[PDB]
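Which chain is which? The protein sequence lines are W and Y, in order.
For the first sequence, the positions run 7 to 330, 344 to 350, 372 to 420 when the UniProt record's numbering is used.
For the second sequence, the positions run 302 to 496 when the UniProt record's numbering is used.
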Amino acid sequence: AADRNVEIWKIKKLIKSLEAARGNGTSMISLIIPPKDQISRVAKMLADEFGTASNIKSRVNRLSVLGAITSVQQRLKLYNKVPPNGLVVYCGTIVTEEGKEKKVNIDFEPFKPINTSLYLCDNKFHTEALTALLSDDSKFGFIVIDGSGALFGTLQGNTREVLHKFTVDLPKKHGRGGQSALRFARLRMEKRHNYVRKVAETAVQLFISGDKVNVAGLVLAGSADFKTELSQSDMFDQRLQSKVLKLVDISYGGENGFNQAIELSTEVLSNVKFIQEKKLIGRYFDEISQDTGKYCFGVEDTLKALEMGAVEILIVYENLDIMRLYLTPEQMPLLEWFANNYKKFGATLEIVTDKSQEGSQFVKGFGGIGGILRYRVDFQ
Amino acid sequence: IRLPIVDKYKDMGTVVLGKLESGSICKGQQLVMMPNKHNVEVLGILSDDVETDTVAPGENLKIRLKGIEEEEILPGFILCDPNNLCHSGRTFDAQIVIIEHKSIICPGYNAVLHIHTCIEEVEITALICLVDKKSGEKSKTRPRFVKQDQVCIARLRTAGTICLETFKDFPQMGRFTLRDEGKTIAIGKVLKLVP
Ligand SMILES: Nc1ncnc2c1ncn2[C@@H]1O[C@H](COP(=O)(O)OP(=O)(O)OP(=O)(O)O)[C@@H](O)[C@H]1O
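Now the structure itself:
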């Protein structure tokens with residue numbers, strides 16, 4: 007799994023450091039060939055394209071469009087069949103500092119099975135589509151408790167699905183010369199009770215299937231007291247009670263307050279990705295909490311230490327001043377180097393943000409690059 | 302003069318509870334509040350329990366106030382003097398001493414800050430010298446981190462604003478504690494208020 011984490015960093019990087027590119031005239035082709043398609047065909051349509059931008063009637067524009075259509079077809083010949091997952095290409099030339107250039111030629115598979123077609127030449131590339139390769143998401147559950155009715159649903163990546171819901175009639179309708187306020191509670195105070203029972207019931211039915219939970223979230227939302235009423239019930243426990251990520255007080259309910267339960271929830275889900283990153287600095291920190299310490303930090307130590315008897319885990323922070344002697348803004373992204381061959385240095389690498397209280401510290405106070413080594417380490 | 306406000310409430314008008322840590326306080330006579338130069342006049346003072354008119358440091362106060370915004374008043378403001386009052390934060394360097402952890406801290410660590418009545422969210426920016434227990438000797442270069450049982454001086458940011466004084470000045474406004482979760486992860490002593 008840790009080898010695809012890197013994948014996503016790799017893509018994430020590209021994705022951004024292609025916005026930073028923006029060249030002049032229409033000489034920036036984006037190409038996305040979905041799988042099950044056929045190169046010779048695509049490459050054919052590119053001769054149909056060279057064929058028409060053969061006029062253009064804009065000199066400096068023309069010579070460039072062509073030069074980028076060749077540029078792509080040229081790279082398209084390094085493939086004789088569309089890779090199982092699709093082909094992504096990016097060709098052009100881009101202005102940089104000082105007014106120097108850079109013939110930019112990207113063509114890869116996809117850490118997944120890319121799916122979608124796109125041939126486009128603006129004055130920038132178009133990754134709006136590459137960002138769909140980053141929705142690698144978990145399935146979240148939602149319970150929405152309401153004075154009358156409850157509603158169970160999921161929110162996974164971007165698909166809200168409504169799973170189940172029944173509506174109740176807790177004798178809320180009153181009298182005028184016959185009913186008791188004893189009648190209110192007697193039957194009301196068990197309806198409400200007997201109702202949370204079916205909620206927890208239909209919760210365990212819909213979220214824990216087969217020994218374990220098939221969601222990974224559970225946000226509970228409800229009118230007054232209905233979640234502190236379900237949460238705190240001798241009938242709603244097991245894994246679920248320990249899987250709830252946020253609560254939501256809503257005045258609404260049903261599909262109405264299920265949307266609201268998402269808008270309000272966004273905040274905390276965006277943390278799962280955060281968790282395993284917090285987990286993985288823990289062990290690192292907690293070497294240095296200790297006398298023994300198969301831990302390393304900085305460039306120097308990490309590098310040669312990675313160079314020899316491996317470090318088991320190499321931790322670098324997504325962004326990095328350091329380059330490949345290893346200079347920062349003092350005049372290839374060092375992390376990028378780790379990505380393209382960390383595996384041959386002694387197994388996986390974990391890339392981490394500066395956006396969690398440990399992330400914050402790893403980057404703030406260690407250098408954003410270090411390792412949980414494999415054994416002892418004789419210092420200088 | 303100094304009164305750390307522990308409690309707030311609208312009863313028979315606006316009321317405030319605290320300990321009178323410094324400077325005697327007269328019935329009626331103006332105060333000004335913290336950290337907002339906020340104007341206010343006394344209406345009645347109940348020291349220990351009964352009422353007083355004059356009340357000097359040490360007594361448990363319960364004052365009826367008369368002022369501009371009267372539930373816009375937070376546990377953690379001093380009552381100070383009109384007039385020569387009371388410096389305030391958000392930034393300061395301080396001697397810290399890293400008790401029940403027991404894991405790490407490096408720069409960018411967060412926790413809750415108990416000083417006087419104030420109880421603000423806070424983060425340690427960078428850590429300066431690691432002070433030895435030998436001959437009180439300061440360190441030399443900054444450490445990346447500070448282990449348990451260690452001692453050091455570090456820089457700290459309050460979320461918003463504290464009403465602050467240095468331990469080596471008025472220490473009741475000084476001795477503070479970095480409380481994280483339950484465990485009182487460390488003990489702090491304010492040295493340099495910046496600025
Ligand atoms: N328009 C589409 N949207 C999503 N998936 C599609 C679409 N068209 C085809 N698929 C197929 O669905 C699979 C990917 O979608 P799915 O929702 O199954 O992702 P997944 O469950 O994470 O599985 P995988 O990790 O293999 O993509 C692909 O194998 C592809 O063949």
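In this text, a Cβ means the ideal position worked out from N, Cα and C, and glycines have one as well.
Check the C-beta distance from residue i over to residue j and give it rounded, since I have them as a contact under 8 Å.
i: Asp43(W); j: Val88(W); result: 6 Å
i: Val305(W); j: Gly411(W); result: With a Cβ gap of about 11 Å, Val305(W) and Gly411(W) do not count as contacting.
i: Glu390(W); j: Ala8(W); result: 6 Å
i: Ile429(Y); j: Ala455(Y); result: 6 Å
i: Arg391(Y); j: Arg443(Y); result: That pair is no contact at about 21 Å.
i: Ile306(Y); j: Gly319(Y); result: 5 Å
i: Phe242(W); j: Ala206(W); result: 3 Å
i: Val356(Y); j: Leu321(Y); result: 6 Å
i: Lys309(Y); j: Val317(Y); result: 6 Å
i: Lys300(W); j: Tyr201(W); result: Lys300(W) to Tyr201(W), Cβ: 55 Å. No contact.
i: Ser141(W); j: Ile38(W); result: About 16 Å separates the two Cβ atoms, so there is no contact after all.
Mind checking whether residue i and residue j have CB atoms under 9 Å apart?
i: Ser36(W); j: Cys127(W); result: yes
i: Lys252(W); j: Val221(W); result: no
i: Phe264(W); j: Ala227(W); result: yes
i: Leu386(Y); j: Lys367(Y); result: no
i: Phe378(Y); j: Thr418(Y); result: yes
i: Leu465(Y); j: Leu494(Y); result: yes
i: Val168(W); j: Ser154(W); result: no
i: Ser33(W); j: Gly92(W); result: no
i: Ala487(Y); j: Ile400(Y); result: yes
i: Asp470(Y); j: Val452(Y); result: no
i: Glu283(W); j: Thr393(W); result: yes
i: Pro408(Y); j: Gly405(W); result: yes
i: residue 335(W); j: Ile21(W); result: Within the gap of chain W, which runs from 330 to 344, lies residue 335(W), and it has no coordinates in the structure.
i: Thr467(Y); j: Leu492(Y); result: yes
i: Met313(Y); j: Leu380(Y); result: no
i: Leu176(W); j: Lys197(W); result: yes
i: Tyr290(W); j: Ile268(W); result: no
i: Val278(W); j: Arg245(W); result: no
Which one or two residues does DSSP pair with residue i in a beta bridge?
i: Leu318(Y); result: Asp308(Y) and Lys363(Y)
i: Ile409(W); result: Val322(W)
i: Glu482(Y); result: Partner(s): none; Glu482(Y) has no beta bridge.
i: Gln162(W); result: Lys145(W) and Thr165(W)
i: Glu390(W); result: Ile321(W)
i: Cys127(W); result: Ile35(W)
i: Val398(Y); result: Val452(Y) and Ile488(Y)
i: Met334(Y); result: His339(Y) and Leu380(Y)
i: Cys327(Y); result: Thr355(Y)
i: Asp113(W); result: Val95(W)
i: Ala156(W); result: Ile151(W) and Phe172(W)
i: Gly345(Y); result: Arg365(Y)
Using a Cβ-Cβ cut-off of 9 Å, state whether residue i counts as contacting chain W.
i: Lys448(Y); result: yes
i: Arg445(Y); result: yes
i: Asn411(Y); result: yes
Closest Cβ-Cβ distance between residue i and chain Y: below 9 Å?
i: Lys404(W); result: yes
i: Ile412(W); result: no
i: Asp307(W); result: no
i: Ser186(W); result: no
i: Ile294(W); result: yes
i: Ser23(W); result: no
i: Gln247(W); result: no
i: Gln397(W); result: yes
i: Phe419(W); result: no
i: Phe291(W); result: yes
i: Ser36(W); result: no
i: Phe303(W); result: yes
i: residue 4(W); result: Examination of residue 4(W) is not possible in this model, given that chain W is present from 7 through 420 alone.
i: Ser400(W); result: yes
Those runs of the beta strand (DSSP E) which lie wholly inside the segment 196–233 of chain W and span at least 3 residues: 225–228
Complete beta strand (DSSP E) runs within the segment 240–288 of chain W (minimum length 3 residues, chain order): Taken in chain order, the whole beta strand (DSSP E) runs of length 3 or more contained in the segment 240–288 of chain W are 252–255.
Within 7 Å of chain B by C-beta, residues of the segment 394–408 of chain Y in sequence order: Reference to chain B is not applicable here, since the protein chains of this structure are W and Y.
Runs of alpha helix (DSSP H) lying entirely within the segment 24–102 of chain W, each at least 4 residues, in chain order: 45–58 and 65–82
Length-filtered (3 minimum) beta strand (DSSP E) runs lying within the segment 403–485 of chain Y: 410–415, 420–428, 452–459 and 476–480
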